[PDB]
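The data block below is input.pdb; it holds PDB, N, CA and C atoms.
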```
ATOM      1  N   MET R   1     144.275 124.445  65.545  1.00  0.00           N
ATOM      2  CA  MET R   1     145.414 123.745  64.891  1.00  0.00           C
ATOM      3  C   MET R   1     145.874 122.697  65.896  1.00  0.00           C
ATOM      4  N   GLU R   2     146.926 121.971  65.550  1.00  0.00           N
ATOM      5  CA  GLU R   2     147.452 120.900  66.386  1.00  0.00           C
ATOM      6  C   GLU R   2     146.514 119.707  66.476  1.00  0.00           C
ATOM      7  N   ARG R   3     146.119 119.320  67.688  1.00  0.00           N
ATOM      8  CA  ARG R   3     145.211 118.187  67.855  1.00  0.00           C
ATOM      9  C   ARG R   3     143.805 118.584  67.416  1.00  0.00           C
ATOM     10  N   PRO R   4     143.040 117.631  66.872  1.00  0.00           N
ATOM     11  CA  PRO R   4     141.689 117.973  66.435  1.00  0.00           C
ATOM     12  C   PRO R   4     140.705 117.839  67.578  1.00  0.00           C
ATOM     13  N   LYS R   5     139.650 118.645  67.543  1.00  0.00           N
ATOM     14  CA  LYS R   5     138.612 118.561  68.557  1.00  0.00           C
ATOM     15  C   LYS R   5     137.470 117.759  67.943  1.00  0.00           C
ATOM     16  N   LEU R   6     137.524 117.606  66.624  1.00  0.00           N
ATOM     17  CA  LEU R   6     136.501 116.892  65.867  1.00  0.00           C
ATOM     18  C   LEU R   6     137.087 115.811  64.946  1.00  0.00           C
ATOM     19  N   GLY R   7     136.375 114.698  64.856  1.00  0.00           N
ATOM     20  CA  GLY R   7     136.828 113.604  64.029  1.00  0.00           C
ATOM     21  C   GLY R   7     135.782 113.171  63.032  1.00  0.00           C
ATOM     22  N   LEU R   8     136.262 112.619  61.919  1.00  0.00           N
ATOM     23  CA  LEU R   8     135.410 112.142  60.848  1.00  0.00           C
ATOM     24  C   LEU R   8     135.481 110.625  60.748  1.00  0.00           C
ATOM     25  N   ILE R   9     134.332 109.966  60.768  1.00  0.00           N
ATOM     26  CA  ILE R   9     134.343 108.522  60.626  1.00  0.00           C
ATOM     27  C   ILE R   9     134.653 108.194  59.162  1.00  0.00           C
ATOM     28  N   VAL R  10     135.627 107.313  58.959  1.00  0.00           N
ATOM     29  CA  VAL R  10     136.045 106.906  57.626  1.00  0.00           C
ATOM     30  C   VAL R  10     136.284 105.403  57.648  1.00  0.00           C
ATOM     31  N   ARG R  11     135.700 104.699  56.686  1.00  0.00           N
ATOM     32  CA  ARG R  11     135.839 103.256  56.626  1.00  0.00           C
ATOM     33  C   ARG R  11     137.160 102.880  55.985  1.00  0.00           C
ATOM     34  N   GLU R  12     137.643 101.692  56.306  1.00  0.00           N
ATOM     35  CA  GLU R  12     138.878 101.206  55.716  1.00  0.00           C
ATOM     36  C   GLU R  12     138.494 100.762  54.310  1.00  0.00           C
ATOM     37  N   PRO R  13     139.457 100.737  53.381  1.00  0.00           N
ATOM     38  CA  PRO R  13     140.874 101.083  53.525  1.00  0.00           C
ATOM     39  C   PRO R  13     141.193 102.583  53.542  1.00  0.00           C
ATOM     40  N   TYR R  14     140.213 103.402  53.189  1.00  0.00           N
ATOM     41  CA  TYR R  14     140.362 104.851  53.131  1.00  0.00           C
ATOM     42  C   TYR R  14     140.950 105.513  54.366  1.00  0.00           C
ATOM     43  N   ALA R  15     140.406 105.203  55.545  1.00  0.00           N
ATOM     44  CA  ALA R  15     140.914 105.775  56.790  1.00  0.00           C
ATOM     45  C   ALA R  15     142.447 105.598  56.827  1.00  0.00           C
ATOM     46  N   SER R  16     142.897 104.355  56.703  1.00  0.00           N
ATOM     47  CA  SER R  16     144.321 104.052  56.715  1.00  0.00           C
ATOM     48  C   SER R  16     145.069 104.811  55.623  1.00  0.00           C
ATOM     49  N   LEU R  17     144.549 104.762  54.394  1.00  0.00           N
ATOM     50  CA  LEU R  17     145.183 105.450  53.272  1.00  0.00           C
ATOM     51  C   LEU R  17     145.308 106.940  53.579  1.00  0.00           C
ATOM     52  N   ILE R  18     144.332 107.492  54.284  1.00  0.00           N
ATOM     53  CA  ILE R  18     144.406 108.901  54.624  1.00  0.00           C
ATOM     54  C   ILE R  18     145.522 109.187  55.630  1.00  0.00           C
ATOM     55  N   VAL R  19     145.479 108.545  56.796  1.00  0.00           N
ATOM     56  CA  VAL R  19     146.479 108.768  57.832  1.00  0.00           C
ATOM     57  C   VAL R  19     147.898 108.321  57.466  1.00  0.00           C
ATOM     58  N   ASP R  20     148.047 107.543  56.401  1.00  0.00           N
ATOM     59  CA  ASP R  20     149.386 107.125  56.000  1.00  0.00           C
ATOM     60  C   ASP R  20     149.887 108.049  54.888  1.00  0.00           C
ATOM     61  N   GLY R  21     149.092 109.080  54.593  1.00  0.00           N
ATOM     62  CA  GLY R  21     149.443 110.057  53.574  1.00  0.00           C
ATOM     63  C   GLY R  21     149.278 109.620  52.131  1.00  0.00           C
ATOM     64  N   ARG R  22     148.555 108.535  51.906  1.00  0.00           N
ATOM     65  CA  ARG R  22     148.379 108.034  50.555  1.00  0.00           C
ATOM     66  C   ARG R  22     147.152 108.597  49.844  1.00  0.00           C
ATOM     67  N   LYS R  23     146.201 109.092  50.621  1.00  0.00           N
ATOM     68  CA  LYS R  23     144.962 109.625  50.082  1.00  0.00           C
ATOM     69  C   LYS R  23     144.797 111.076  50.520  1.00  0.00           C
ATOM     70  N   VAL R  24     144.740 111.988  49.552  1.00  0.00           N
ATOM     71  CA  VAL R  24     144.614 113.409  49.869  1.00  0.00           C
ATOM     72  C   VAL R  24     143.250 114.057  49.593  1.00  0.00           C
ATOM     73  N   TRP R  25     142.352 113.319  48.952  1.00  0.00           N
ATOM     74  CA  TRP R  25     141.011 113.801  48.633  1.00  0.00           C
ATOM     75  C   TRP R  25     139.942 112.852  49.157  1.00  0.00           C
ATOM     76  N   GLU R  26     139.262 113.245  50.227  1.00  0.00           N
ATOM     77  CA  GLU R  26     138.203 112.418  50.773  1.00  0.00           C
ATOM     78  C   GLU R  26     136.938 112.869  50.067  1.00  0.00           C
ATOM     79  N   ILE R  27     136.229 111.922  49.458  1.00  0.00           N
ATOM     80  CA  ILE R  27     135.016 112.248  48.722  1.00  0.00           C
ATOM     81  C   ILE R  27     133.790 112.252  49.619  1.00  0.00           C
ATOM     82  N   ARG R  28     132.969 113.285  49.479  1.00  0.00           N
ATOM     83  CA  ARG R  28     131.749 113.449  50.279  1.00  0.00           C
ATOM     84  C   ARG R  28     130.609 114.068  49.434  1.00  0.00           C
ATOM     85  N   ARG R  29     129.363 113.843  49.838  1.00  0.00           N
ATOM     86  CA  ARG R  29     128.223 114.380  49.094  1.00  0.00           C
ATOM     87  C   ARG R  29     127.867 115.808  49.492  1.00  0.00           C
ATOM     88  N   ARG R  30     128.534 116.336  50.513  1.00  0.00           N
ATOM     89  CA  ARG R  30     128.269 117.693  50.983  1.00  0.00           C
ATOM     90  C   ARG R  30     129.591 118.405  51.227  1.00  0.00           C
ATOM     91  N   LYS R  31     129.584 119.731  51.139  1.00  0.00           N
ATOM     92  CA  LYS R  31     130.795 120.481  51.435  1.00  0.00           C
ATOM     93  C   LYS R  31     130.751 120.686  52.933  1.00  0.00           C
ATOM     94  N   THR R  32     131.738 121.398  53.447  1.00  0.00           N
ATOM     95  CA  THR R  32     131.816 121.708  54.865  1.00  0.00           C
ATOM     96  C   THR R  32     132.777 122.871  54.913  1.00  0.00           C
ATOM     97  N   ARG R  33     132.646 123.717  55.925  1.00  0.00           N
ATOM     98  CA  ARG R  33     133.521 124.872  56.031  1.00  0.00           C
ATOM     99  C   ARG R  33     134.511 124.668  57.168  1.00  0.00           C
ATOM    100  N   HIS R  34     134.666 123.418  57.596  1.00  0.00           N
ATOM    101  CA  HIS R  34     135.619 123.097  58.654  1.00  0.00           C
ATOM    102  C   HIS R  34     137.027 123.226  58.077  1.00  0.00           C
ATOM    103  N   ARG R  35     137.923 123.851  58.839  1.00  0.00           N
ATOM    104  CA  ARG R  35     139.310 124.021  58.420  1.00  0.00           C
ATOM    105  C   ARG R  35     140.264 123.689  59.556  1.00  0.00           C
ATOM    106  N   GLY R  36     141.360 123.019  59.228  1.00  0.00           N
ATOM    107  CA  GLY R  36     142.319 122.671  60.260  1.00  0.00           C
ATOM    108  C   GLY R  36     142.279 121.205  60.661  1.00  0.00           C
ATOM    109  N   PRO R  37     142.913 120.851  61.789  1.00  0.00           N
ATOM    110  CA  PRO R  37     142.965 119.474  62.293  1.00  0.00           C
ATOM    111  C   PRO R  37     141.643 118.713  62.255  1.00  0.00           C
ATOM    112  N   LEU R  38     141.685 117.525  61.665  1.00  0.00           N
ATOM    113  CA  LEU R  38     140.512 116.664  61.557  1.00  0.00           C
ATOM    114  C   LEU R  38     140.900 115.237  61.913  1.00  0.00           C
ATOM    115  N   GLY R  39     140.440 114.759  63.061  1.00  0.00           N
ATOM    116  CA  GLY R  39     140.766 113.403  63.464  1.00  0.00           C
ATOM    117  C   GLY R  39     140.127 112.398  62.518  1.00  0.00           C
ATOM    118  N   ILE R  40     140.786 111.260  62.326  1.00  0.00           N
ATOM    119  CA  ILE R  40     140.292 110.205  61.449  1.00  0.00           C
ATOM    120  C   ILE R  40     139.851 109.042  62.324  1.00  0.00           C
ATOM    121  N   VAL R  41     138.548 108.803  62.398  1.00  0.00           N
ATOM    122  CA  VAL R  41     138.016 107.726  63.230  1.00  0.00           C
ATOM    123  C   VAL R  41     137.470 106.562  62.403  1.00  0.00           C
ATOM    124  N   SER R  42     137.993 105.363  62.656  1.00  0.00           N
ATOM    125  CA  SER R  42     137.582 104.146  61.952  1.00  0.00           C
ATOM    126  C   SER R  42     137.537 102.960  62.921  1.00  0.00           C
ATOM    127  N   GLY R  43     136.517 102.121  62.770  1.00  0.00           N
ATOM    128  CA  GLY R  43     136.369 100.973  63.646  1.00  0.00           C
ATOM    129  C   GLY R  43     136.416 101.367  65.112  1.00  0.00           C
ATOM    130  N   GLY R  44     135.773 102.484  65.446  1.00  0.00           N
ATOM    131  CA  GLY R  44     135.752 102.942  66.823  1.00  0.00           C
ATOM    132  C   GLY R  44     137.080 103.385  67.415  1.00  0.00           C
ATOM    133  N   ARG R  45     138.038 103.749  66.572  1.00  0.00           N
ATOM    134  CA  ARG R  45     139.346 104.197  67.046  1.00  0.00           C
ATOM    135  C   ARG R  45     139.848 105.432  66.309  1.00  0.00           C
ATOM    136  N   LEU R  46     140.492 106.318  67.057  1.00  0.00           N
ATOM    137  CA  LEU R  46     141.069 107.531  66.497  1.00  0.00           C
ATOM    138  C   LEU R  46     142.488 107.081  66.130  1.00  0.00           C
ATOM    139  N   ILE R  47     142.731 106.871  64.840  1.00  0.00           N
ATOM    140  CA  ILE R  47     144.023 106.383  64.393  1.00  0.00           C
ATOM    141  C   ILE R  47     145.019 107.445  63.954  1.00  0.00           C
ATOM    142  N   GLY R  48     144.528 108.647  63.693  1.00  0.00           N
ATOM    143  CA  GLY R  48     145.411 109.720  63.281  1.00  0.00           C
ATOM    144  C   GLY R  48     144.645 110.986  62.961  1.00  0.00           C
ATOM    145  N   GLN R  49     145.234 111.830  62.132  1.00  0.00           N
ATOM    146  CA  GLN R  49     144.588 113.076  61.771  1.00  0.00           C
ATOM    147  C   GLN R  49     145.107 113.638  60.460  1.00  0.00           C
ATOM    148  N   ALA R  50     144.404 114.644  59.971  1.00  0.00           N
ATOM    149  CA  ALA R  50     144.777 115.302  58.738  1.00  0.00           C
ATOM    150  C   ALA R  50     144.308 116.740  58.862  1.00  0.00           C
ATOM    151  N   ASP R  51     144.834 117.602  58.010  1.00  0.00           N
ATOM    152  CA  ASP R  51     144.407 118.980  58.032  1.00  0.00           C
ATOM    153  C   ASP R  51     143.477 119.227  56.869  1.00  0.00           C
ATOM    154  N   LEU R  52     142.259 119.629  57.194  1.00  0.00           N
ATOM    155  CA  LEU R  52     141.266 119.927  56.188  1.00  0.00           C
ATOM    156  C   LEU R  52     141.623 121.355  55.766  1.00  0.00           C
ATOM    157  N   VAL R  53     142.212 121.503  54.578  1.00  0.00           N
ATOM    158  CA  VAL R  53     142.641 122.828  54.117  1.00  0.00           C
ATOM    159  C   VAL R  53     141.741 123.555  53.122  1.00  0.00           C
ATOM    160  N   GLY R  54     140.942 122.801  52.369  1.00  0.00           N
ATOM    161  CA  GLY R  54     140.035 123.394  51.399  1.00  0.00           C
ATOM    162  C   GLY R  54     139.066 122.333  50.918  1.00  0.00           C
ATOM    163  N   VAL R  55     138.082 122.715  50.111  1.00  0.00           N
ATOM    164  CA  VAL R  55     137.107 121.752  49.596  1.00  0.00           C
ATOM    165  C   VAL R  55     136.825 121.997  48.113  1.00  0.00           C
ATOM    166  N   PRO R  86     126.990 113.397  41.836  1.00  0.00           N
ATOM    167  CA  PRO R  86     127.008 114.611  42.673  1.00  0.00           C
ATOM    168  C   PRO R  86     127.913 114.366  43.875  1.00  0.00           C
ATOM    169  N   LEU R  87     129.199 114.711  43.747  1.00  0.00           N
ATOM    170  CA  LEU R  87     130.177 114.494  44.817  1.00  0.00           C
ATOM    171  C   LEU R  87     131.135 115.671  45.028  1.00  0.00           C
ATOM    172  N   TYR R  88     131.719 115.751  46.223  1.00  0.00           N
ATOM    173  CA  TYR R  88     132.678 116.803  46.579  1.00  0.00           C
ATOM    174  C   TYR R  88     133.985 116.185  47.102  1.00  0.00           C
ATOM    175  N   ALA R  89     135.095 116.903  46.956  1.00  0.00           N
ATOM    176  CA  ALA R  89     136.377 116.385  47.426  1.00  0.00           C
ATOM    177  C   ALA R  89     137.041 117.207  48.535  1.00  0.00           C
ATOM    178  N   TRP R  90     136.986 116.708  49.765  1.00  0.00           N
ATOM    179  CA  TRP R  90     137.617 117.388  50.882  1.00  0.00           C
ATOM    180  C   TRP R  90     139.119 117.166  50.740  1.00  0.00           C
ATOM    181  N   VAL R  91     139.881 118.260  50.762  1.00  0.00           N
ATOM    182  CA  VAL R  91     141.334 118.238  50.602  1.00  0.00           C
ATOM    183  C   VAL R  91     142.127 118.169  51.900  1.00  0.00           C
ATOM    184  N   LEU R  92     142.887 117.090  52.070  1.00  0.00           N
ATOM    185  CA  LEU R  92     143.669 116.872  53.282  1.00  0.00           C
ATOM    186  C   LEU R  92     145.178 117.056  53.114  1.00  0.00           C
ATOM    187  N   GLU R  93     145.806 117.665  54.110  1.00  0.00           N
ATOM    188  CA  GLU R  93     147.244 117.895  54.090  1.00  0.00           C
ATOM    189  C   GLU R  93     147.838 117.494  55.424  1.00  0.00           C
ATOM    190  N   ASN R  94     149.136 117.204  55.427  1.00  0.00           N
ATOM    191  CA  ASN R  94     149.845 116.858  56.652  1.00  0.00           C
ATOM    192  C   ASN R  94     149.240 115.683  57.439  1.00  0.00           C
ATOM    193  N   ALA R  95     148.759 114.641  56.773  1.00  0.00           N
ATOM    194  CA  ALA R  95     148.186 113.533  57.522  1.00  0.00           C
ATOM    195  C   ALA R  95     149.239 112.642  58.163  1.00  0.00           C
ATOM    196  N   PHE R  96     148.900 112.076  59.316  1.00  0.00           N
ATOM    197  CA  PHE R  96     149.791 111.165  60.005  1.00  0.00           C
ATOM    198  C   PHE R  96     148.995 110.262  60.919  1.00  0.00           C
ATOM    199  N   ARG R  97     149.531 109.069  61.142  1.00  0.00           N
ATOM    200  CA  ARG R  97     148.898 108.068  61.987  1.00  0.00           C
ATOM    201  C   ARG R  97     149.515 108.125  63.369  1.00  0.00           C
ATOM    202  N   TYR R  98     148.695 108.153  64.418  1.00  0.00           N
ATOM    203  CA  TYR R  98     149.254 108.187  65.771  1.00  0.00           C
ATOM    204  C   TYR R  98     149.928 106.840  66.048  1.00  0.00           C
ATOM    205  N   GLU R  99     151.024 106.870  66.796  1.00  0.00           N
ATOM    206  CA  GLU R  99     151.788 105.670  67.137  1.00  0.00           C
ATOM    207  C   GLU R  99     150.896 104.601  67.755  1.00  0.00           C
ATOM    208  N   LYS R 100     149.899 105.048  68.509  1.00  0.00           N
ATOM    209  CA  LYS R 100     148.949 104.150  69.156  1.00  0.00           C
ATOM    210  C   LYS R 100     147.544 104.696  68.927  1.00  0.00           C
ATOM    211  N   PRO R 101     146.621 103.840  68.474  1.00  0.00           N
ATOM    212  CA  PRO R 101     145.241 104.265  68.218  1.00  0.00           C
ATOM    213  C   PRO R 101     144.459 104.624  69.476  1.00  0.00           C
ATOM    214  N   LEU R 102     143.977 105.860  69.527  1.00  0.00           N
ATOM    215  CA  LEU R 102     143.207 106.332  70.668  1.00  0.00           C
ATOM    216  C   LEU R 102     141.767 105.786  70.594  1.00  0.00           C
ATOM    217  N   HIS R 103     141.158 105.511  71.737  1.00  0.00           N
ATOM    218  CA  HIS R 103     139.818 104.974  71.670  1.00  0.00           C
ATOM    219  C   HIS R 103     138.738 106.023  71.797  1.00  0.00           C
ATOM    220  N   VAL R 104     137.530 105.636  71.396  1.00  0.00           N
ATOM    221  CA  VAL R 104     136.350 106.506  71.404  1.00  0.00           C
ATOM    222  C   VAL R 104     135.146 105.712  71.940  1.00  0.00           C
ATOM    223  N   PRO R 105     134.240 106.357  72.705  1.00  0.00           N
ATOM    224  CA  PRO R 105     134.162 107.750  73.161  1.00  0.00           C
ATOM    225  C   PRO R 105     135.278 108.173  74.107  1.00  0.00           C
ATOM    226  N   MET R 112     128.181 113.043  69.182  1.00  0.00           N
ATOM    227  CA  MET R 112     128.290 113.492  67.761  1.00  0.00           C
ATOM    228  C   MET R 112     127.737 114.900  67.632  1.00  0.00           C
ATOM    229  N   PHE R 113     128.361 115.696  66.777  1.00  0.00           N
ATOM    230  CA  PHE R 113     127.905 117.057  66.537  1.00  0.00           C
ATOM    231  C   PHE R 113     127.486 117.213  65.083  1.00  0.00           C
ATOM    232  N   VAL R 114     126.458 118.017  64.848  1.00  0.00           N
ATOM    233  CA  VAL R 114     125.970 118.282  63.499  1.00  0.00           C
ATOM    234  C   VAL R 114     126.753 119.461  62.906  1.00  0.00           C
ATOM    235  N   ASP R 115     127.410 119.236  61.774  1.00  0.00           N
ATOM    236  CA  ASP R 115     128.187 120.274  61.100  1.00  0.00           C
ATOM    237  C   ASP R 115     127.224 121.343  60.587  1.00  0.00           C
ATOM    238  N   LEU R 116     127.335 122.549  61.122  1.00  0.00           N
ATOM    239  CA  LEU R 116     126.438 123.614  60.696  1.00  0.00           C
ATOM    240  C   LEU R 116     127.192 124.638  59.851  1.00  0.00           C
ATOM    241  N   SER R 117     128.439 124.325  59.494  1.00  0.00           N
ATOM    242  CA  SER R 117     129.247 125.258  58.707  1.00  0.00           C
ATOM    243  C   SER R 117     128.645 125.603  57.349  1.00  0.00           C
ATOM    244  N   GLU R 118     127.744 124.768  56.848  1.00  0.00           N
ATOM    245  CA  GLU R 118     127.099 125.025  55.562  1.00  0.00           C
ATOM    246  C   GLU R 118     125.667 125.556  55.706  1.00  0.00           C
ATOM    247  N   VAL R 119     125.253 125.892  56.925  1.00  0.00           N
ATOM    248  CA  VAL R 119     123.904 126.417  57.150  1.00  0.00           C
ATOM    249  C   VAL R 119     123.789 127.838  56.581  1.00  0.00           C
ATOM    250  N   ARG R 120     122.612 128.171  56.065  1.00  0.00           N
ATOM    251  CA  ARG R 120     122.377 129.486  55.479  1.00  0.00           C
ATOM    252  C   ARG R 120     121.606 130.431  56.398  1.00  0.00           C
TER     253      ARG R 120
END
```
Represent the structure of the file as structure tokens.
Amino acid sequence: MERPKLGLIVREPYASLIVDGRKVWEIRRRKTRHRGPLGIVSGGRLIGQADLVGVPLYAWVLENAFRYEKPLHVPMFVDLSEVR
């Protein structure tokens, strides 16, 4: 919880819409079992975060999103939460 250890690359305008609390469903072609803080990375910057609370397209559900006062810079892991 709190700060995220992992971030998701999201292109604008979506990234912004997410961290400003305007977009609550991020669409993806795969599910994921990640839960909790999820950093939002766009244009090589960590601009904020959201809480991934639940989940041919899928809708990742975000809650409590907010934009950091100042965009953190960056500097990948393969999500294995859906492995069988």
Output check: residues returned by the PyMOL selection byres (((chain R and resi 30-35 and name CA) around 10) and name CA), as a PyMOL selection string: chain R and resi 1+6+27-29+36-38+51-55+86-92+115-119
For a test of reading the model, state the distance in Å between atom C of residue 46 (chain R) and CA of residue 24 (chain R), rounded to one decimal.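 Rounded to one decimal, the two atoms are 17.6 Å apart.
DSSP annotation of chain R from backbone atoms: helix (DSSP H, G or I) residues are residues 14, 15, 16, 17, 18 and 19 of chain R.
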The PyMOL selection byres ((chain R and resi 95) around 5) on the file shown: which residues, as JSON, numbers by chain? {"R": [19, 49, 50, 93, 94, 96, 97]}
Here is a test: counting only C-alpha atoms, which residue of R:10, R:4, R:120, R:42 is nearest to residue 23 (chain R)?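 Between R:10, R:4, R:120, R:42, the residue approaching residue 23 (chain R) most closely is R:10.
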Backbone-only DSSP, strand (DSSP E or B) members of chain R, as a VMD selection string: chain R and resid 7 to 9 25 to 28 36 to 42 45 to 54 88 to 103
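Across the chains present, the PyMOL selection byres (((chain R and resi 43 and name CA) around 12) and name CA) applied to this file returns residues 8, 9, 10, 11, 12, 13, 14, 15, 16, 40, 41, 42, 44, 45, 46, 47, 101, 102, 103, 104 and 105 of chain R.
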In Å, rounded to a single decimal, give me how far CA of residue 7 (chain R) is from atom N of residue 114 (chain R).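 Here the two named atoms are 11.3 Å from each other.
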What separates atom N of residue 5 (chain R) and atom C of residue 112 (chain R) is a distance of 12.5 Å
